[PDB]
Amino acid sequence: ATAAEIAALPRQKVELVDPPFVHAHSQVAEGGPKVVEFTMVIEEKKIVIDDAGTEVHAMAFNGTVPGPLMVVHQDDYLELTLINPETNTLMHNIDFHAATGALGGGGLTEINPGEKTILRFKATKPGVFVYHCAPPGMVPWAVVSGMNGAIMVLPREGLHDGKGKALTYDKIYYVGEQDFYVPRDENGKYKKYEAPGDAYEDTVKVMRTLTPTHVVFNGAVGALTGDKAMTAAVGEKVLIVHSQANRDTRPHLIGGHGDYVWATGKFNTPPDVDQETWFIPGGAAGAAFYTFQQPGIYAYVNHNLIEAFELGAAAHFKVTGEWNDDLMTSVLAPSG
């Protein structure tokens, strides 16, 4: 569009919500292209990531791991105000895999503590995409300290299957998956550090083994289980967006399926169907659409079951409604 045309576009401020929840949005675009405005403040803070009091100096967009899901439509502009308070100790920036140019925005958004920046980019490609911090010389460390999230760029006409039939979800959740690499002393106990930089050398040593100590959803072991399970009802259509900025994952809904799965996360690539377990390579986001058919507790996992059940990569859905004996029935219950 021409300079005047871009300047004339409506500007809309959106308030973000913490994962796994997603801010208000419409699936079908309302009106023509807009400049959708978001603000995130960066927080450096100690978080506890397991039941044994294990700490990480997190680097968190909007104070959360993962950072929040930002939702726009194709050919909207995403305009992010990014703030790095003077209480932080590191330079931070942002790389949007959805964006084109300047290392995804990373080269234009390098902000020291006490600085802010505003980046605008045109969301030319429909899909879910990773975003992450990427300070030159320390890229992986920032990313595995939790400084990553995702955005969704919806097609202007909403989602469709491979045959052009509309796929309209009733709810959407965003599951960000994080590999953490926590140093341990020679006794096997996880170390703690006073300042974020103090952990740098010990952490990189663990990173180089390529073996995470923890693999978690929403920033901690059990963050999406128990009373923090995600919810649905029988007949409800659910979109599950899943990201991993650094390492491969293989999501699986135990008791369910991915009816339609954009495994690559890109909406112009037709979705796979009837999936048992899908695969999202490190550095990407994917999305799965499922209509729930049975009530009960489901587990949603990375189906390397060691990562799921030993390292933390397991969430739950609690689903209300009536049981379908046609789909499944216990013909003879466990008996002597």
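Start at 1 with the first residue shown and count on from there.
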285-293 versus 26-34 - which carries the larger mean C-alpha B factor in the record:
26-34
Comparing 212-220 with 186-194, which has the greater mean CA B-factor as deposited?
186-194
With respect to the C-alpha temperature factors reported in the PDB entry, which of 109, 203, 178, 168 ranks highest?
168
Can you pull the Cα B-factors for 140, 105, 149, 164 from the entry and say which is highest?
164
Split the chain's modelled residues into thirds by Cα B-factor; residue 158 lands in the highest
Residue 321: CA B-factor among chain residues, third -> highest
Within-chain third of residue 101 by Cα B-factor, per the entry:
lowest
Comparing residue 52 with the other modelled residues of its chain, is its CA B-factor in the lowest, middle or highest third?
highest
For residue 127, does the deposited CA B-factor place it in the lowest, middle or highest third of the chain?
lowest
